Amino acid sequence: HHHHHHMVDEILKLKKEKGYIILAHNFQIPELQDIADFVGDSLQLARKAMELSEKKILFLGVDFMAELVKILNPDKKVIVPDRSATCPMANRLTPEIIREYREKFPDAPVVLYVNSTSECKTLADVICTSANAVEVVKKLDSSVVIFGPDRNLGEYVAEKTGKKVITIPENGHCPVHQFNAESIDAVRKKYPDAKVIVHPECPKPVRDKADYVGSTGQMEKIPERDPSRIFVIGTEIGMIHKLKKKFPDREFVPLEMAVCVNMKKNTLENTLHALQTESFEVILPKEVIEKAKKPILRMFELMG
């Protein structure tokens, strides 16, 4: 409209004027995706974090990813519009729990999903995202691993690798991706030639009835090789916008409406304000950056 127009225009002028690059996750609102310089999944954001040139980064997503960007760029400025933008699943794994399980299952490497606190990362042998979890866990020599905080992704990794995956905490899961399998049954009836794509954070019954299971970055690539007219999408609602923009020739139907309240905390208004004030800076203890970069870089080493 007219008010969003002023905010958009200023964001683009200020970003240019101040030497910011704006990076956004796929679950950000459409209006912020549209103003970002790079929108992608966690893995793509991590790779982008290593190769960008700008000295200042405005990050639009949740805290753990902003902090990852910072860990890989300790001498650049990283700001976020809202510091409370967090991943509730991630926050239930603690350093005390990792220590507990390391003592309970000595020998086993600790693999942490990128949705994890930066302090938890310092204790990990290696980090993974949904895109590379299976690959990463295969290259570890141990046949037993400790994995968290997502039980669903861990269980997915166990199925694919055949390795024993001890998940922590007890019931770590993403509430956004708790779709009902009956939704897939229903959509099969309504659109019998649609392809169903879901995230590995979804529960097993949902995963098992999908045509494709993958990270949101992987989702965005499936239509490059699958000619299907209709795709049904089991991830957070913001992905629909991204998909529709990439492939205007196809139809994208949410499996169900699912919203990450934390991802929606960034708005045009607080994004503009962030560029105006150059705040809030992402700041981490030096020790945490030193100790956490290890398993993050290990992830890229075990990849290809």
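All residue numbers are counted from 1 along the displayed sequence. Only the largest set of C-alpha atoms that superpose within 1.5 Å between the two forms is called the rigid core.
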Find the stretch among 42-50 and 22-30 with the larger RMS C-alpha deviation in 5 other deposited structures of this protein, all structures being superposed on the shown form by the rigid core. 42-50
Core-fitted, the stretch whose Cα atoms sit farther from this form in 5 other deposited structures of this protein, 231-239 versus 51-59, is 51-59
Of 4-12 and 293-301, the one with larger mean CA B-factor: 4-12
I need to verify one thing: averaged over C-alpha atoms only, is the B-factor higher for 49-57 or for 235-243? 49-57
Reading the B-factor column of the entry, which of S116, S143, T122, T129 has the highest value at its C-alpha atom? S143
Out of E100, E201, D226, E182, residue topping the C-alpha B-factor column of the entry: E182
Would you mind ranking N266 by its C-alpha B-factor against the rest of the chain and naming the third, lowest, middle or highest? middle
Based on the deposited C-alpha B factors for this chain, I'd like to know if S279 is in the lowest, middle or highest third. middle
Hey, what third does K189 fall into on Cα B-factor, ranked over its chain? highest
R151's Cα B-factor: lowest, middle or highest third of the chain? lowest
When the modelled residues of the chain are sorted by Cα temperature factor, does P88 land in the lowest, middle or highest third? highest
